[PDB]
Amino acid sequence: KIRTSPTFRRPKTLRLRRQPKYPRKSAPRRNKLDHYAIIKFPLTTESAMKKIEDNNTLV
RNA sequence: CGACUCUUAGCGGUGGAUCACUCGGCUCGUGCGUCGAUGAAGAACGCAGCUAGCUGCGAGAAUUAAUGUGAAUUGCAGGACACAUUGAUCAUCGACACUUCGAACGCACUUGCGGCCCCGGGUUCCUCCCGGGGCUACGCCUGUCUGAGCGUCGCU
């Protein structure tokens with residue numbers, strides 16, 4: 001070809017995607033952050049009830 | 001007289017010696033002689049109906065399953081187990097599960113910021129938003145692919 005720059009750069013090559021012969025872990029881990037784990041229990045304090053009545057917010 | 005002071009004895013007290021005890025040590029001896037990227041040791045934070053610490057455990061958290069055992073656990077309560085339409089408790093333990101750091105592994109140590117490939121929901125191939133899953137560290141070995149070289153050459 002032709003060289004127009006005095007700098008030699010590392011030529012770009014081919015990079016294959018991973019095609020494993022086996023998965024390293026047998027199964028995906030179960031998501032232990034479901035809806036039941038997110039909500040633990042409501043608050044029932046005096047401040048909490050004031051938000052339910054005067055603010056339309058659950059705590 | 002008393003008070004005060006001294007001594008002795010009795011009894012009572014500031015005190016915890018002595019004696020008796022010991023699920024603890026120390027020493028000797030015997031048999032084994034086994035950790036970890038399939039993530040160790042060590043940390044952190046959590047987990048009980050009432051439970052702070054010790055202990056045990058890991059979001060299935062003072063435990064699940066299985067086997068053996070065979071009627072308890074216990075401080076209170078509650079309800080199992082009808083005590084074979086097979087099972088309380090305990091032991092054993094080979095199945096399952098095992099949060100965050102840590103050799104610690106996408107980059108960085110602040111609950112900071114990414115990238116690639118998939119899945120679900122809003123919209124519909126904006127992959128734009130949210131949620132989830134799998135990968136994404138260094139060194140090094142065999143092989144594989146893609147390359148470089150006025151390195152040595154061959155055919156042109």
Side-chain angles (χ1 to χ4, degrees):
Chain A
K1 281 188 172 186
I2 195 53
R3 299 205 95 104
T4 41
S5 170
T7 306
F8 184 103
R9 306 291 317 222
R10 172 185 64 90
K12 86 170 296 175
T13 51
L14 179 65
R15 299 181 164 182
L16 282 162
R17 203 202 289 297
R18 268 202 183 155
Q19 286 263 324
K21 298 223 182 353
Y22 70 96
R24 265 71 180 152
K25 29 182 58 46
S26 33
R29 45 209 283 294
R30 179 173 58 80
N31 168 47
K32 336 195 176 192
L33 197 60
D34 54 8
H35 310 287
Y36 301 106
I38 280 144
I39 305 296
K40 282 158 56 143
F41 54 90
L43 258 199
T44 46
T45 63
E46 277 197 339
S47 325
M49 306 297 332
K50 269 203 169 200
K51 303 224 82 132
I52 288 147
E53 298 198 281
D54 307 332
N55 273 279
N56 206 32
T57 88
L58 303 169
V59 186

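Basis for what follows: all heavy atoms, side chains included, without hydrogens, waters or symmetry-related copies. Reminder, nothing fancy here: chain letters follow the sequence lines and each chain counts from 1.
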Any base atoms under 4.0 Å from [X], or only sugar-phosphate, or nothing? Heavy atoms, all strands.
X: A:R29; result: sugar-phosphate
X: A:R3; result: sugar-phosphate
X: A:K25; result: sugar-phosphate

Looking at the strand neighbours [N] and [M], are the centres of their six-membered rings under 5.5 angstrom apart while the planes meet at under 30 degrees?
N: B:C93; M: B:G94; answer: no
N: B:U27; M: B:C28; answer: yes
N: B:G79; M: B:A80; answer: yes
N: B:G33; M: B:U34; answer: no
N: B:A52; M: B:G53; answer: yes

Given RNA chain B, 5'-ward residue of the pair A:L33 and A:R18, judged by closest heavy atom:
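Of the two residues, A:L33 wins.
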Closest-nucleotide 5' rank along RNA chain B - winner of A:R24 and A:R17
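The residue mapped nearer the 5' terminus is A:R17.
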Both distances under 3.5 Å, Watson-Crick or G-U wobble: report the partner of [N], or none.
N: B:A40; answer: none
N: B:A65; answer: none
N: B:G120; answer: B:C130
N: B:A72; answer: none
N: B:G56; answer: B:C47

When you compare [N] with [M], how far apart are their [atom1] atoms, in angstrom units rounded to a whole number?
N: B:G87; M: B:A59; atom1: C1'; answer: 29 Å
N: B:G56; M: B:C90; atom1: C1'; answer: 15 Å
N: B:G58; M: B:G122; atom1: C1'; answer: 36 Å
N: B:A71; M: B:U38; atom1: P; answer: 48 Å
N: B:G139; M: B:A108; atom1: P; answer: 14 Å
N: B:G75; M: B:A82; atom1: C1'; answer: 29 Å
N: B:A61; M: B:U89; atom1: P; answer: 15 Å
N: B:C107; M: B:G46; atom1: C1'; answer: 29 Å

Can we call B:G112 and B:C107 a base pair, counting Watson-Crick and G-U wobble only and needing both distances under 3.5 Å?
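Taken together, B:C107 and B:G112 make a base pair (Watson-Crick or G-U wobble, both distances under 3.5 Å).
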Between B:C90 and B:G68, is a Watson-Crick or G-U wobble pair present, with both distances under 3.5 Å?
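Indeed, B:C90 forms a Watson-Crick or wobble pair with B:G68, both distances being under 3.5 Å.
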Which sugar class, north or south, is indicated for [N] by the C1'-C2'-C3'-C4' dihedral?
N: B:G131; value: north
N: B:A48; value: south
N: B:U34; value: south
N: B:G60; value: south
N: B:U67; value: north

ILVMFWY cluster membership beyond A:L33 - transitive side-chain contacts under 4.5 angstrom
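Listed partners: A:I38, A:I39.
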From CG (A:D54) to CE (A:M49), nearest 0.5 Å
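Rounded to the nearest 0.5 Å, the CG-CE separation comes out at 10.0 Å.
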If you walk 5' to 3' along RNA chain B, what is the first nucleotide with an atom under 4.0 Å of a heavy atom in chain A, and what is the last?
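So the outermost contacting nucleotides come out as B:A59 to B:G149.
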Could you check if the base of [N] is syn or anti? Syn means the glycosidic torsion is within 90 degrees of 0.
N: B:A37; value: syn
N: B:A71; value: anti
N: B:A59; value: syn
N: B:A148; value: anti

Side-chain donor/acceptor of A:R24 to backbone N/O of A:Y22, under 3.5 Å:
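A pair under 3.5 Å: yes.
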